[PDB]
Protein chains: 4
Amino acid sequence: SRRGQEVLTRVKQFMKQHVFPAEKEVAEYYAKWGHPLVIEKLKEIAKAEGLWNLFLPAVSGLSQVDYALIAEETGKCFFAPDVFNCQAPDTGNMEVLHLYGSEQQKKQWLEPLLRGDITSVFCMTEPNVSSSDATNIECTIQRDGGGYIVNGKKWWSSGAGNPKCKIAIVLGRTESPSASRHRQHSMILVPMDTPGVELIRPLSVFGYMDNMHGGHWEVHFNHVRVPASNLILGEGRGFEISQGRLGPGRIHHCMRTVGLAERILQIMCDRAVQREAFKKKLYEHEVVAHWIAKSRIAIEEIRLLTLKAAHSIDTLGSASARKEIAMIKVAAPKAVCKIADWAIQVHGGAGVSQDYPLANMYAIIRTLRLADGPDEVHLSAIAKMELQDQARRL
Amino acid sequence: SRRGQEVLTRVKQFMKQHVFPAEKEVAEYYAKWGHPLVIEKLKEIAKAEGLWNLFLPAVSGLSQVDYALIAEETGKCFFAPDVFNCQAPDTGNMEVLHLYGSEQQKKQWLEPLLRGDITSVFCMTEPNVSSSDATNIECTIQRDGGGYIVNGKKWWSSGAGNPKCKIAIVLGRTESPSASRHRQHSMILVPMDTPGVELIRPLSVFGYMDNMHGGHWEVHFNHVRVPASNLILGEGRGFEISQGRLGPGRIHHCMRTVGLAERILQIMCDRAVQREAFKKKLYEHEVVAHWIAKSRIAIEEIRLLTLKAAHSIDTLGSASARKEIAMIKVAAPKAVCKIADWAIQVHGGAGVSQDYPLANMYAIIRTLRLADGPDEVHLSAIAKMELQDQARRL
Amino acid sequence: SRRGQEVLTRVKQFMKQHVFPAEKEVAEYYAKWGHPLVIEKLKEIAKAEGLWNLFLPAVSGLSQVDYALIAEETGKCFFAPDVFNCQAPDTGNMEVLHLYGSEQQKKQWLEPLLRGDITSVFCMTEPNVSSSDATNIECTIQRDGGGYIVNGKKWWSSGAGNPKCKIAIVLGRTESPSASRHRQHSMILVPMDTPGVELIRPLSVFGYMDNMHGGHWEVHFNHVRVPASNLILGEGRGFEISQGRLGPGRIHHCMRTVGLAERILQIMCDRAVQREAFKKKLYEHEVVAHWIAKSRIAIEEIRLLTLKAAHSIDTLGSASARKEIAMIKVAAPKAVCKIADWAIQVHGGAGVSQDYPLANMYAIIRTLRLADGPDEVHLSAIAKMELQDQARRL
Amino acid sequence: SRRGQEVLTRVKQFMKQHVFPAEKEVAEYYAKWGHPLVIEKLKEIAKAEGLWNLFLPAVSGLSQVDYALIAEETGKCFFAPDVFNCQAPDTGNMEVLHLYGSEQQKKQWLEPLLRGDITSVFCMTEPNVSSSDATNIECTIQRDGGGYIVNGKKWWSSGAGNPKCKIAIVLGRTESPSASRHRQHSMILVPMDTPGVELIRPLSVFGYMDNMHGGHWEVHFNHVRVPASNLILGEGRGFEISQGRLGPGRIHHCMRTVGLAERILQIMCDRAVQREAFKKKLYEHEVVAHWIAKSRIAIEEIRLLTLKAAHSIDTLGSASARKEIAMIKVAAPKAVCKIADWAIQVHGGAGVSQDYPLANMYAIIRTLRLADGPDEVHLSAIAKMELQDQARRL
Ligand SMILES: Cc1cc2nc3c(=O)[nH]c(=O)nc-3n(C[C@H](O)[C@H](O)[C@H](O)COP(=O)(O)OP(=O)(O)OC[C@H]3O[C@@H](n4cnc5c(N)ncnc54)[C@H](O)[C@@H]3O)c2cc1C
Ligand SMILES: Cc1cc2nc3c(=O)[nH]c(=O)nc-3n(C[C@H](O)[C@H](O)[C@H](O)COP(=O)(O)OP(=O)(O)OC[C@H]3O[C@@H](n4cnc5c(N)ncnc54)[C@H](O)[C@@H]3O)c2cc1C
Ligand SMILES: Cc1cc2nc3c(=O)[nH]c(=O)nc-3n(C[C@H](O)[C@H](O)[C@H](O)COP(=O)(O)OP(=O)(O)OC[C@H]3O[C@@H](n4cnc5c(N)ncnc54)[C@H](O)[C@@H]3O)c2cc1C
Ligand SMILES: Cc1cc2nc3c(=O)[nH]c(=O)nc-3n(C[C@H](O)[C@H](O)[C@H](O)COP(=O)(O)OP(=O)(O)OC[C@H]3O[C@@H](n4cnc5c(N)ncnc54)[C@H](O)[C@@H]3O)c2cc1C
């Protein structure tokens, strides 16, 4: 679309003018769970210029392909999505509140989230059970008179340490014997200021604490009392809302991963051209050149897959495109992990040190094979859908 | 396009009605370098219905995307491309004669090729040198008074054993010291009936002789006298014509390979559903299901890459899209080889026997990593182009 | 041992003097299920010099390490094991008859097998079921008065087309409700001259019929009447005898595969040194050199694994070393397959043709991942044993 | 040997009694470049019991196989080698001073190193050049009257931050036009207390600073004046001493890596047995079980390769076994990296957090593909030696 191209050009100009020059200051600030003043100034400027809430089609008037290209543009910096209010944790919560939810819930939580006043956290993983299977959730949401009681322990809650975090969406189980085997979980809105909500400890990733994004935390809900109006949809529709939330998050992460892979490839090519070993440059060795070629091929393939998934979501819907989302979720992280490992090996001993962003990049990409579900469950789902498709064809 | 969709539907109906039922008869006939009468009847029927010369846009009025889908449809059978006059050896020669060549050359050779009266063979590989580097060609094309003399030995000439083969395009070298380092080779039209042209022996592929397609032969040119009007373009433009010929052949092969991969995946899924081992079906074992999922992901990726290359050729040109062609040529054969190996392993001991087409399929796909240039030279070319692109960006 | 070293030196001299020069004649003879006179002369010479039955410790007085080195020596030729009476099909049957069996059975069948008068065939695979799980065998061995009745269809029976094949060992099931879940199968000796035994058709491997080794056949047993004295051990001990037969066959195949890999690596290095492409030799390209290095590393690793398994069998026994045999059976075929594929790619288009033995080599190695059980069942067995070992340690 | 077995049993008892229980205290101490008192007490106890300097055959009276098993035992803990005075940085310097060096140098530096009074650091890598090629070293060691002047910048110097570090071995270049192309570098002993030696900054590995081992530092030598008696051997023998130092370090690292891989496999098996997902345990999924089986196979292979290299060094010498050392250096890190990645994936999100040692383990193993030379230079060396061997055979 013409609007998509215009917004993409404006976003590229905004990044090249403001976002990249502030990287050194942002890194020096974090070398303690909030944002420095540079990010707030950038957010104000982006609000002024209209580069705000580009992820939500109902607000920005953009399709999934246009925002796919835009998110590919903003995936080259680790704090750029937060400048445009398109960061990973809160976007899913805004989508959940926009799709499902009452007028009171929207006016109370979605508007401050849209304006950037507050941030949100999504917590559904337990530390003592296998949470890749969503039926293993043991946190309870029991009705107690006129309200609800939330009691459980959470795990890997991203962004809970941010001082602006005021609302949470908690997935817990309700005992409903008369219901089906899937109508046993519900989502509830729990304010972080409610008595009984405790932040236990932050969680590290390969020795990185990720203070820029608020960190990952262990949260305890000790008999938290919540009004009955904070329950999203009904008392047994947690799985449906989770499925609705999942897809867009995965596609946005895949676009950002494509952008990050492009940045990594640029860095690796620069290093290969610059350095000389054994009386020749690094790219003159065929192994490095073949690494570069394979990286380019993989980047092109994953970008095409993500664009296909975005077009399918546009033309059909978010519920009739689960296979494409599963395929891109399987495909992107492994390819970008291989590219990052090749770049680290090309840079040598400096590839693991703090002189380059390759080590933190590798850690973040490595966590992409576990967050939002491991790759094995997605492979099983793809196999099941493919077998159903073959049975229908035959 | 609407015409593309209509022709695709007609082609699908034609295959399902005529081509697949004749597979058993065609296989029994070959269980000796020509075609049985069933193929000739199918060719006559296809000529009547207008499903003729679909590969050439100037004749069929189709873009590269429409024919990409059509060739994906016809890639599921090993003799289907010959039914529609879209077989690998002669298509490149028709493209060469259509792009370059005089009116006399066109009227003499392209029209019988277009009508299907005769077939052609392209020979540029020598047995005693490394022919992956085109500067190693030692066959000579010397001007002798009013004509030319062709003297050399050829290698892996596909389709030379067909009785309908009457014309050849031979790549040889001419001694031109005043010319550049690339203007040393030329292409000449050599009729197979010329004295001095000898067929030495056929060449086998993993123990398969491939009599259906005319086989692969060693050809000797012993002082062949050829008129000066049989030289295509000039006396030093062999490389340019070779580059013009190369790309469309690769893209058509990639589309047919995608179709073959789809057929292989269907066979493997059928076997996995049917068989039971260790008190469960084969797909109930997670390794087989993950094989199926990875095969589907790879098929989708290679199809998207081929469609991207076809669209780029449509919108820009065959000379400004070499990078995409190189990427698809690298990507498709390895993925389809892995899929075929997985299918053979799934079928067990019967995966290598004559009860299934998987072994011949694997042999043919394995030769795709060597024919039309190995994968390593393409990887080097991709690396060079990517480095140039990075230098231009920086 | 000193005897092992002396026999190894004598075997090396015998190969270099007689076996390699006859390769061209043997190949020309087969370019129809028996042996040419050259092989018979070589067998007579080997009998005269005492290089006979080197595989059996009770006859040759050699341990498993000495014969491991000897079989590594004889693995470089495809008919060399038959010169020393150490070929794959009959060796297992000799081991079975030597370990288990009565005096009458030994005097009737093992002595002609030891002298080389007759050959044997082992058949336990069915065409219409999954035979990787041995409980799926549907062939019946019912007691009928004073004898037994064998009724079933066999599959992939190696060596059944040899005119010297006179005896077979057939695995079938007996209905014994009072027995356990494993005491349901038995092995019986069935002469090939018995009425009701039919050879149906030979089976091809990638288009190779393997006439040198007698081929692989489909055999039908149509109500074959057999005396009760032809039953090995008891009526429900088939699994035990099968387990006893399995291990030595696998270790001998692994040693021969190591030898074949060494030959393949020598051929590939010769080609890489000889040829020149793009103004440099093939080994001057780093990819080819890295292929060579990885091939050498893999060869060393698999040889060490096989020697470890042989020493373990020597010092402990064939029943307390199943884990090592499973590991070598998993490890050797994949590494040698990768080496063969690299060599084929190095040779170029000639790597698939009949000018070199690489294509037939690849086909034979590819069948090693399916014969004597697939790799997946061995991986599952290794995982089970490793979990038991960890539980015992903890 | 009997002594080797007795010392191995004593070492196993010592570890199980003292080293493992202190892991929690050691971890809590570091959660600042020296050792806590627990390690010093363990060192005193090990000195009392005679488990001291087990790496040096001239002191312990042990071969390379016995110490290979012992180092495999001590590779399961990250501070265990330091308890027995067998830690990576100083062992190479002790070997260098033991092989080469004068009586004064030995009495001054080797004896305090042997008794554990001081530690050493080896520095030969420069930050601004490619140091994988040893001819790129730009640090200068110029003779200045009665002594030497060392001027250069070092990089990744391990253990320089330890307060006990008093001596260094620096590799620099000397301008000798009359000498050969390899006699251009020399090794000199530089005390850390000499004026002009500066510690610039520590270097991180994936966000880990590794304070336990003294860290990795950037060191500057600003016109350091050193007496002429501190030069090891001559003024142009740096390469020879470097080659002598290299091999034993690699073999010890490989043995410790095998031990670490065994520990990782034990942890992964424990997790797979414990956890349950999708109504079954983790090992009941075939992918996890196949991961376990492949890990066991790889561990066995690398252990056999290391033992073969140790036996070859014992029976022939450290100069006629470079091929085996290169092969093990290539083989061990990649296999252990794959095993560690599989274990991290098995543990899920907790695989990257601080609750388990898998993330730090992966970082340390990942640096093993770069330290002591990258894998690509070793692959090139192996290819060269293999080509020489093939040429000699032919
Ligand atoms: C944990 C750790 C500890 C260390 N400790 C020490 C220490 O105590 N002392 C010390 O002196 N150094 C130490 N180092 C440094 C280490 O020795 C070097 O990083 C390594 O030798 C390579 O040096 P470099 O960084 O200059 O690599 P570079 O040469 O700059 O890397 C270029 C890359 O190109 C590739 N390459 C290079 N040559 C070839 C070729 N011929 N063919 C193909 N590809 C090729 C490789 O992937 C290589 O990594 C340590 C490093 C680490 C990570
Ligand atoms: C060259 C050659 C020679 C042979 N010679 C003989 C001979 O002399 N005698 C004889 O009796 N047989 C012989 N065979 C047959 C051979 O033993 C069988 O092919 C093999 O044992 C598997 O039998 P199948 O074909 O029924 O495999 P199937 O069970 O039908 O194959 C199914 C596939 O599923 C997979 N699979 C199976 N179980 C599992 C599991 N638990 N987990 C995961 N994946 C699994 C495997 O990939 C397997 O290949 C020969 C075969 C070949 C190729
Ligand atoms: C089924 C089939 C059909 C064919 N049909 C035809 C036909 O119709 N017409 C025709 O002219 N030819 C045909 N060929 C031949 C084919 O084009 C050649 O085999 C191919 O181009 C390579 O030629 P070569 O055998 O000389 O390879 P070689 O150059 O001899 O192979 C050397 C090997 O070295 C490697 N290598 C080469 N260059 C590099 C590099 N720069 N970097 C790294 N590695 C490198 C590659 O692995 C290559 O295979 C056919 C081949 C097959 C298998
Ligand atoms: C950086 C990061 C951020 C995160 N942020 C959040 C967040 O904001 N909110 C949140 O709720 N969670 C978050 N998580 C947690 C994440 O969602 C979980 O780690 C993940 O969903 C798996 O949960 P688990 O740890 O219980 O895995 P487990 O189930 O304990 O892992 C077991 C392992 O077994 C394997 N496996 C599982 N099922 C199968 C199967 N069917 N077939 C084969 N293999 C299988 C997989 O390898 C899996 O990793 C985050 C995690 C990370 C690393």
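Just so it is clear: chains get the letters A, B, ... in the order the sequence lines come, proteins before strands, and each one is counted from 1. Values below: all heavy atoms of this structure, side chains included; hydrogens, waters and symmetry mates excluded. Both counts, for ligands and for their atoms, begin at 1 and track the order of listing.
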Inset, instruction - For ligand 1, indicate whether the residue D/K154 contacts it via side chain, backbone, both or neither (heavy-atom separation under 4.0 Å). - result: neither

Exercise: identify the closest heavy-atom pair between [X] and [Y]:
X: B/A293; Y: A/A383; answer: CB-N, 4.0 Å
X: D/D372; Y: D/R250; answer: O-NH1, 2.6 Å
X: A/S157; Y: A/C123; answer: OG-CB, 3.4 Å
X: C/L368; Y: C/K329; answer: O-NZ, 3.4 Å

Out of [options], whose heavy atom is nearest to [atom]?
atom: atom 52 (C) of ligand 2; options: C/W156, B/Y283, C/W155, B/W291; answer: C/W156
atom: atom 28 (P) of ligand 4; options: D/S353, A/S132, A/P127; answer: A/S132
atom: atom 39 (C) of ligand 2; options: C/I137, C/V377, C/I169, C/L379; answer: C/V377
atom: atom 49 (O) of ligand 2; options: B/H285, B/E276, B/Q345; answer: B/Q345
atom: atom 53 (C) of ligand 4; options: A/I364, A/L368, A/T367; answer: A/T367

Hey, does [X] come in under 3.5 Å of ligand 1, counting only N/O atoms on both sides?
X: D/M124; result: yes
X: A/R275; result: yes
X: D/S131; result: yes

Inset, instruction - Could you tell me which atoms of ligand 2, counted from 1 in the order shown, lie closer than 4.0 angstrom to a heavy atom of B/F278? - result: 38 (N), 41 (N)

Legend entry - Ring-face cation of C/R245 near C/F122 (centre distance under 6.0 Å, axis angle within 45°): yes

Legend entry - For A/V346, the ligand 1 atoms whose distance to one of its heavy atoms is below 4.0 Å: 31 (O), 32 (C), 33 (C)

Legend entry - Per-atom contacts of ligand 1 with D/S158, taking only distances under 4.0 Å to non-hydrogen atoms: 3 (C), 4 (C), 5 (N), 6 (C), 7 (C), 8 (O)

Inset, instruction - Say whether B/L282 and ligand 2 are in contact under the criterion: heavy-atom distance to a ligand atom below 4.0 Å. - result: yes

Inset, instruction - Compute the minimum heavy-atom distance from C/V129 to ligand 2 and say whether it is under 4.0 Å. - result: yes

Inset, instruction - Say whether A/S157, considering both its backbone and side-chain N or O atoms, lies within less than 3.5 Å of an N or O atom on ligand 4. - result: no

Legend entry - Ion pair D/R366/D/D341, N-O distance below 4.0 Å: no

Inset, instruction - Look at C/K154 together with C/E218 and state whether they make a salt bridge at an N to O cut-off of under 4.0 Å. - result: no

Inset, instruction - Compute the shortest N/O to N/O distance between C/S380 and ligand 2 and return yes if it is under 3.5 Å, no if not. - result: no

Legend entry - Contact (N/O only, under 3.5 Å) between C/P374 and ligand 2: no

Under a 4.0 angstrom heavy-atom cut-off, which atoms of ligand 4 come close to [X]?
X: A/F122; value: 7 (C), 8 (O), 9 (N)
X: B/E286; value: 40 (C), 41 (N), 42 (N), 43 (C)
X: A/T125; value: 10 (C), 11 (O), 12 (N), 15 (C), 17 (O)

Inset, instruction - Give me the ring orientation class for A/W342 and A/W291: parallel if the planes are under 30° apart, tilted from 30 to 60°, perpendicular past 60°. - result: parallel

Inset, instruction - Fit a plane to each ring of B/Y356 and B/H347, take the angle between them on a 0 to 90° scale, and name the class: parallel (under 30°), tilted (30 to 60°) or perpendicular (over 60°). - result: perpendicular

Could you check whether any side-chain heavy atom of [X] comes within less than 4.5 Å of a side-chain heavy atom of [Y], counting everything from C-beta outward?
X: A/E376; Y: D/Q345; answer: yes
X: D/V170; Y: D/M124; answer: no
X: D/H213; Y: D/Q87; answer: no

